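Asker: Residue numbers (PDB author numbering): 0 to 32.
Just passing along the structure, written as structure tokens.
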């Protein structure tokens with residue numbers, strides 16, 4: 000399924016190419032700089 004919000008608990012390690020960190024987007028889990 001898709002990854003909802005509360006990215007911290009929601010996605011496991013959600014890593015992305017710096018500069019970028021696991022953040023929430025309006026109910027989902029996605030990485031933002």
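The beta carbon of each residue, even a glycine, is placed where N, CA and C say it ideally should be.
Would you mind working out which of 7, 5 and 31 sits nearest residue 17, comparing C-alpha positions?
Answerer: Translated into positions along the chain shown, residue 17 becomes position 18. Considering only alpha carbons, the answer is 31.
Asker: Compute the Euclidean distance between the alpha carbons of residue 20 and residue 4, then round it to the nearest angstrom.
Answerer: Residue mapping note: residue 20 aligns to position 21 of the chain shown, counting from 1. Residue mapping note: residue 4 aligns to position 5 of the chain shown, counting from 1. One C-alpha to the other measures close to 14 angstroms.
Asker: From the DSSP output, read off the bridge partner residues of residue 10.
Answerer: Along the chain shown, one-based indexing puts residue 10 at 11. Partner(s): none; residue 10 has no beta bridge.
Asker: Does DSSP put residue 18 in a helix, a strand or coil?
Answerer: One-based indexing of the chain shown puts residue 18 at position 19. In the structure shown, residue 18 sits in coil (DSSP, three-state: anything other than H, G, I, E or B).
Asker: So, for residue 27: in the same chain, excluding its five sequence neighbours on each side, which residues have a beta-carbon less than 8 angstroms away from its beta-carbon?
Answerer: The residue labelled residue 27 in the question sits at position 28 within the chain shown. Cβ neighbours of residue 27 beyond the five flanking positions: 1, 2, 3 and 4.
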